[PDB]
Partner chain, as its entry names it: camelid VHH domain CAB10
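Next up: a single chain in structure tokens, the form deposited without its partner chain.
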């Protein structure tokens, strides 16, 4: 449940938000594979309701109507092809399992669905599953509205409707078996694990009862007796009834405090400084390292006021976003997830974006493909953060220093920071508004290394800055506060 099950040596996964299956398969072959990425978290693959008001938002995929692999991203055939093609190049697939609810209770009856299945939310009829009115928690929820009115009461958050969505009676074996059959189908196809959506809104014991019904991973790609990787989405920034630790027995948990606090440090708000990251990790009040799934931003909080609020860094703040992802990829704490998104037109009224519903680039509802430009970037408004040199090369940095301990920390007592990972990688940051000039102990062998942030190592030469480390392991670094990317990272495989 805690092991990623990635092909040995790979240590990160990317969230290819709203990407089509044919696009993800191609990406696995031409990029994710050779570039050393561990896996891909895909959007919900099961059928959802069609929301035309607003026009096809990204959130309609979180309103199920059946368990058929039929969505805007593709059909069952294309899903199987993608999982097969990715596994063959060493890139795993993790599925976003939306199992706490079905569609909204106030949706209209009919076949307004991604695959044509009929459903009647008002009567709780989902014939495709099939589900009926007694498969929901209507009578278990004690609030006057039927929804979650207080987050300080664990009963209503787990038994009431989340934003008006029909809450599944996960205590019944019928529902538990129904879901388990859906997840098992996915495992037989070749999926390596799942992101259990809205786990905070379900009882830990019910999730457990569903996980106990799951098969072992497909032996065509996984060692015998392999258990699926499980990471649960529970938002716990402290001061609340439900805690992340309640779910430690089922699998890993999303550590939302991570990006909330990293963003605050990097934006330099509230008196925070980068030098305070010397004890980053559990020392900052986070869950255990071997239970966490970390990230800077996710699909939800990047486009709104999810967990972390204004402090969350996104691609809109490119310069600082790269600094943050770089620190996350270099630090040993948790299992890392990189974000890959699409651009939308923001419209802030009173500090809040009211266009945060906007879905992926599309042509009359059909998702546009991901085109690749000559400089390896993406077109059609797909930002492809995972394709940025700095994110990409740090993904490589991490695979290289995997298992190495945190070492040789250093800071100017303000916002200039540096640290290594054993004798295989060293990174240095300048988040102060003035020059950085120091002769630091790197812990690496002597020689000339290529900086993987400003360039790459092609042949016996570097396309960017070169850092020379002397026989004793020391090296002179110079970073200007005006520099495009204010940090340098070198490692064992960038050595000349």
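Residue numbers count along the first chain shown, from 1.
The same protein has a further form, the form solved in complex with its partner chain, not shown here; the description that follows concerns it.
For the three marked residues, 19, 110 and 116, no heavy atom of any sits within 4.5 Å of its partner chain in the bound PDB entry. Residue in contact with its partner chain in the bound PDB entry (any heavy atom within 4.5 Å), chosen from 155, 174, 409, 316: 155.
The contact residue chosen from 127, 139, 249, 365 relative to its partner chain in the bound PDB entry is 249, the criterion being a non-hydrogen atom within 4.5 angstroms.
Contact with its partner chain in the bound PDB entry, judged as any non-hydrogen atom within 4.5 angstroms, is confined among 377 to 385, 288 to 296, 77 to 85, 390 to 398 to 288 to 296. Not displayed here, its partner chain is kept clear of residue 185 by more than 4.5 Å at the level of heavy atoms in the bound PDB entry. In the bound PDB entry, residue 221 stays away from its partner chain, with no heavy atom inside 4.5 Å. At least one heavy atom of residue 204 is located within 4.5 Å of its partner chain in the bound PDB entry. Proximity of residue 245 to its partner chain in the bound PDB entry: non-hydrogen atoms within 4.5 Å are present.
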